[PDB]
Amino acid sequence: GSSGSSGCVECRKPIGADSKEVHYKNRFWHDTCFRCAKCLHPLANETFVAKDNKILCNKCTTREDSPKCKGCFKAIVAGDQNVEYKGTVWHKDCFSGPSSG
Ligand SMILES: [Zn+2]
Ligand SMILES: [Zn+2]
Ligand SMILES: [Zn+2]
C-alpha cells in the first residue's frame, strides 16, 4: 500500500476520482468497461448479474442462450444433427464416436 489507487481489471488502467466507476466484488470497471459479455451492454444504469465469475445482464441471464458446440464453437440448432455427452454437444461430425475407426 505505497499508493493505493483503485484501478480497472478490464483495461488494467488507473481510475480517476471524478470518473464514474463501478466497484463490485473488490473490483472496478470504467463507465465504458463495465458491460455484459454476451450483448456488451453497460449495466451502469441497468441491473446486472454475476455468475460463474462472469458478468451478464438480466436480458441474457434468461433462457435465451442457444446451445453452442465445443469442436467448432458454432451456434447449434435443434433440427441440426448434434451429439450430446456431458453438458456440451458436438456436431455429428465434430463428435468422433467409437462406433467405427
Ligand atoms: Zn477500464
Ligand atoms: Zn447481456
Ligand atoms: Zn461443431
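Residues numbered from 1 in each chain as written, not as in the entry; some residues may be left out. Chains lettered and ligands numbered in written order. Heavy atoms only, no water.

- Regarding how it was determined, this PDB entry cites solution NMR in its header.

## Re the domain arrangement of the protein chain
Interface size is often expressed as the accessible area that is lost when the parts come together.
And then number 1: Domains assigned within the protein chain are domain 1 (1-67) and domain 2 (68-101).
And then number 2: Centre-to-centre, using C-alpha coordinates, domain 1 lies 33 Å away from domain 2. (Domains from an automatic or database assignment.)

## Focus on the coordination of the zinc ion (ligand 2)
And then number 1: Note on the zinc ion (ligand 2): its protein donors are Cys-36 (SG), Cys-39 (SG), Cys-57 (SG) and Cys-60 (SG). The metal-donor distances range over 2.3 to 2.4 Å.
And then number 2: Around the zinc ion (ligand 2), the four donor atoms sit at angles spanning 102 to 117 degrees, and that spread fits a shape best called tetrahedral.
And then number 3: Residue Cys-36 is classed as buried on the basis of its relative accessible area, which comes to 2%. (Donors = N, O, S within 2.8 Å, 3.2 Å for Na, K, Ca; no water. Tetrahedral: all angles 85-135°; square planar, octahedral: opposite > 155°, others 65-115°. Buried < 20%, exposed > 50% of the residue type's maximum accessible area, 1.4 Å probe, protein only.)

## Here's the deal with the coordination of the zinc ion (ligand 3)
And then number 1: Summarising the metal site, the zinc ion (ligand 3) is bound by the protein donors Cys-69 (SG), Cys-72 (SG), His-91 (ND1) and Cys-94 (SG), whose distances to it range over 2.3 Å.
And then number 2: Around the zinc ion (ligand 3), the four donor atoms are arranged such that angles at the metal cover 87 to 118 degrees; this shape is classified as tetrahedral.
And then number 3: Here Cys-72 falls in the partly exposed class, since its relative accessible area comes to 26%.
And then number 4: By relative accessible area, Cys-94 is classed as partly exposed at 33%.

## What about unusual backbone geometry?
And then number 1: If you check the backbone angles, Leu-40 has positive phi at about 60 degrees while not being a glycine.
And then number 2: Within the element layout of this structure, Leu-40 appears in the loop between β2 (27-30) and β3 (49-51).
And then number 3: At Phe-73, a residue that is not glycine, the phi angle is positive and equals roughly 60 degrees.
And then number 4: Relative to the helices and strands, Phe-73 is located in the loop between α1 (58-61) and β5 (82-86). (Helix = DSSP H or I, 4+ residues; strand = E, 2+ residues; numbered from the N terminus.)

## A closer look at the pairing of strand β6 (residues 88-91)
And then number 1: Two strands pair when backbone bridges link them, and β5 and β6 are joined in this way by four bridges, in the antiparallel orientation. When the sheet's bridge partners are listed, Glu-84 is paired in β6 with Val-89.
And then number 2: Hairpin remark: β5 followed by β6, antiparallel, with one residue in the connecting loop; positive phi at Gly-87, about 75 degrees. (Pairing = 2+ DSSP bridges.)

## Points about the packing of aromatic side chains
And then number 1: Applying the stated criterion across every chain yields a total of three aromatic pairs.
And then number 2: For the pair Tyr-24 and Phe-48, a centre-to-centre distance of 4.5 Å together with 80 degrees between the ring planes defines the contact as edge-to-face. With a gap of 24 residues between them, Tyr-24 in strand β1 (residues 21-24) and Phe-48 in the loop between β2 and β3 connect regions that are remote in the sequence.
And then number 3: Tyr-24 sits in the partly exposed class, given a relative accessible area of 28%.
And then number 4: Note on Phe-48: relative accessible area 28%, which makes it partly exposed.
And then number 5: Ring centres of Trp-29 and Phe-34 lie 5.9 Å apart, and the angle between their planes is 40 degrees; this geometry places the pair in the tilted category.
And then number 6: Members of the aromatic cluster, each reached through a chain of ring pairs, are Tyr-24, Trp-29, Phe-34 and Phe-48.
And then number 7: If you follow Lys-25 out to its NZ or CZ, it ends over the ring of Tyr-24, 5.4 Å from the centre. (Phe/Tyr/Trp six-rings, centres within 6.5 Å; stacked < 30°, edge-to-face > 60°. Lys NZ or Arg CZ within 6 Å of the ring centre and 35° of its normal.)

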